[PDB]
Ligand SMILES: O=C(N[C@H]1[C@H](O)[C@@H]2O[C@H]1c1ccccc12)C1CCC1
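The data below hold one chain only, encoded as structure tokens and taken in the form solved without this ligand.
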């Protein structure tokens, strides 16, 4: 039903109409904590906030706030943390969350600079011998290795809790070719990227939830988890054509607002799922 509904929406040119109905139907829950004045500099955008009921709380709790949401997909048996690109003042918070939530992978879907503006702070070290220390959260981060491919980069990082001297290996998956405007021409490299993340074990239930971000953490980030969850459901169910991507998206939007930012991102999500299903038989 998905591939035929796709072609009929293309034929009738009603992607904006379909997308607006999702916007209208989407849940609205309070974001009281995000809106407190003391957290203004912990939010990149005024209009992108985590719901109180699903927000990630920092454990070092004098201020527990971070702009990050837990998206828990019950039937698919997969969880994701969606967050904004770290700000100059929230890089220590970002790695604290990674530590406290026991995540193994970080998925980054933007470049640090896009359209000539800073979209995210440089929150990981660029050279092995120049490690980063986050003094506010008492964490040390070391670049262990880096593998640059044409459409993405994988980095091995070592995160040390300086308080307890425990260390963990974090895998950083950086998709580096999403265009400044619009969506990719073809989903092929995005899907290959998704399967690289999968193959690493970072999405497996023995670990904490993968941390996924772009600049706002709703657009490309929404595309990534939406495609992943829909493909899992097609694999699991007796009837793969029963998977309704609009229903899955609305379910995810119960946990973080704004996921999928444009009708073009919606269309691209359909395209990724349809093409990805062909790969997984």
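Residue numbers count along the first chain shown, from 1.
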Inset, instruction - Return whichever of 147-155 and 104-112 has the greater mean Cα B factor according to the PDB record. - result: 147-155
Legend entry - Of 188-196 and 164-172, the stretch whose C-alpha atoms average the higher B-factor in the entry: 164-172
Inset, instruction - Using the B-factors in the PDB entry, rank residue 271's C-alpha atom against the chain and give the third, lowest, middle or highest. - result: middle
Legend entry - Record-listed C-alpha B factor of residue 73: chain third: middle
Inset, instruction - Quick one: classify residue 90 as lowest, middle or highest third of the chain based on its Cα B-factor. - result: lowest
Inset, instruction - Sorting the chain's modelled residues by C-alpha B-factor, tell me whether residue 256 ends up in the lowest, middle or highest third. - result: lowest
Inset, instruction - Compare the C-alpha B factor of residue 84 with those of the other modelled residues in its chain, then answer lowest, middle or highest third. - result: middle
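As for the form deposited with this ligand bound, it is not shown, yet the points below apply to it.
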Inset, instruction - Using the partner position in the entry with it bound, report whether residue 53 sits within 4.5 Å of this ligand, counting heavy atoms only. - result: no
Inset, instruction - Classify residue 38 as contacting or not contacting this ligand in the entry with it bound by the rule of any non-hydrogen atom within 4.5 angstroms, answering yes or no. - result: no
Legend entry - Residues of stretch 137-166 in contact with this ligand in the entry with it bound (4.5 Å, non-hydrogen atom): 137, 138, 139, 161, 163
